[PDB]
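Before any questions on how it binds or moves, here is one chain, the form deposited in one PDB entry, in structure tokens.
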């Protein structure tokens, strides 16, 4: 029944290989694709490519199976084409008796004319390779075979094993107890003697060291003791050392145990590690270090990455140009003597790519574009922004850009009809003009704050996400990026995410998604954003950027669950990072005091920048004028509320005194009196009730009798506090040591994002402070009235986040050609 065709191509040990085999009437040859029924009779048939044919001297006839992945087993789920397969790095040796039948599969390669094929509207096929852990679709690898029975899955899995393994390279000196090496490699990184290493913060240590409840009634609602926006739980950044030795223990017979590579390093001091502790970091550059003579031995396996640590004085080009011209760059100018707690001089032995033409849809004032420009990858030649103030802001910052103040649907319809100019006379971009496409579609529908998201949008075919995908389909850019709020990935059981990826895959794009935390790229703000990246067939698909700054772990939940499958990005820095966290102090301690209602558009800074972050954002060129440090003019009642929020960390509306106050209005803030009784809540030391509405008990209803107006404690917050976590953070002050909550379009102290009060002044954060929280340069122009400006800032992608993404795209530009 089963008989081999020919003789044995190769003969190993127990296994005897062949080239082609014959089962019944069919005949299978290395390369043919086959199907297999599951070990559980229920599931569908599996599909695989035959890699090898052989029989071993104990068990039966065998073959090597390189499995395909069905479309539904990917993140696409049931939105996948039923006939589409995906290449995966999964394979196994199997007995020929499992083969059910031969199967035809076609490779659907993109056309040589793929970039021009957009805008025009029964067999298994594959076009892309899928990574099941990172939800990445990429162009099939070009691993070439010397490999007769060649399995590409085996080839890549072996490459991947030799990459992860710590190996020593060039020897050096054989000592009594160990062998020294000059270099070693790990995760594809070359480490040499004298290189800098990132080490986990526990790798080595340094040789250095009841309220009055009548007056504040709502204070009991702070029993949680959890402080929003606080930096007590953020991890320490990496330890940094200089490789002094790379050595392996020698066995008793003298041969080196190359399974157990160790390194000896010199310890570097961050300022906050010296005796001066945390305040030393306030003014210091985030990449400043101090040399030390302290040494430590650690396992090579503990190295988290390589970095450059240079003596600053010997550098050609200045410290700033050095620090801006590359990743993982640190410097030192002095050494730190721990025993003497002093700073001596360091000992002697311590010594042409053209930019992508970019189209920015829903451009806003230009945060994404600014970030991409800083990364050096793009010129935003075209922007589409329907709202006139933001389009004006974009024009101010981008003079050689063509900014369309048009509905993006209208403008695409004109291009597809063959139009050359819009109604203003502006030249429309055509196929081949657009090489990168980026945009942040409106997020009001996807935001979890939106209580009414079913009223005026429930059709995916007509959403602005689909409009944006139509731009991608039409212009076929080299790179594509879509940004939105985190909830974009789980909205409607993740169908918007699945249909977006499905659409890109149908175009032939490599694509992927992930969630990023802006605070991990250098703003004092928690801001989780979903990012869809795509790359044309001839390109490399970018990776998501590794975190640069440590950040509070609660704010860094970046996993996404799609149909029970949990998905993560490529990011490996999970517990630490090269740079300290950016704080509210870093962000705005240099700004002069202003009042509630501050309207002076151009004032004096009254002093030089104080922190590294302020130095970066204010720029090299001296700036004589501080712009847009203006605040909304809150009413007399709200202003009185703010004046009564304590300055201590964690202060919000729950700390308000229950008093009458005379407002600047001449009017009078009234006292809140606790009428009803909440058995779930109780009563105070005084025995006074804690309810303010007939809703607090049973299944009753709201009546206007118990609703109190003009109260210093806002009535609506005790009214519904039991089901809203006591409205923590409403009228909440920022903390100097902490970070901003997500910066939205209009900072309201009674909004869901209510922690908008200045740490000390009795006002809402200014437009400049919100811009600082978003990482905008101080010279970055906004436009319109103050609410226009707040919206421009709150809508934007933080430029430091966009810059991190942009440098990942730059690596792909350099790796292609």
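Positions refer to the first chain, counted from 1. Rigid core: the largest C-alpha set superposing within 1.5 Å between the two forms.
According to the entry, the deposited sequence places 1 to 3 unmodelled residues between residue 145 and residue 146. Missing coordinates between residue 209 and residue 210 amount to 10 or more residues of the deposited sequence.
In this entry, 455-463 has the higher mean Cα B-factor, the comparison being between 455-463 and 437-445. Here 183-191 and 532-540 are compared by their mean Cα B-factor, and 183-191 comes out higher. Per the deposited coordinates, the residue with the largest Cα temperature factor out of 521, 216, 114, 404 is 216.
Of the candidates 476, 683, 733, 498, the deposited coordinates give 683 the top C-alpha B factor. Ranked against the other modelled residues of its chain, the C-alpha B-factor of residue 753 as given in the entry falls in the middle third. Remark: residue 305 belongs to the lowest third of its chain, ranked by C-alpha B-factor as recorded.
Remark: residue 664 belongs to the highest third of its chain, ranked by C-alpha B-factor as recorded.
Among the modelled residues of its chain, residue 345 has a C-alpha B-factor that falls in the highest third according to the deposited record. When the CA B factors of the chain's modelled residues are split into thirds, the value for residue 791 lands in the lowest one.
One more form of this protein exists, namely the form deposited in another entry; it is left out here, but the text below deals with it.
Core-superposed comparison between the shown form and the other one: among 315, 109, 702, 600, the single residue whose C-alpha moves by 2 Å or more is 702.
Relative to the superposed core, residue 391 undergoes a C-alpha shift smaller than 2 Å between the shown form and the other one. Residue 452 is among the residues whose C-alpha shifts by 2 Å or more between the shown form and the other one once the rigid core is aligned. Relative to the superposed rigid core, residue 558 undergoes a CA displacement smaller than 2 Å between the shown form and the other one. The pair residue 504 and residue 456 is tighter in that other deposited form: their Cα-Cα distance falls by no less than 3 Å compared with this form.
In that other deposited form, the CA atoms of residue 524 and residue 449 sit farther apart than in the displayed form, by at least 3 angstroms.
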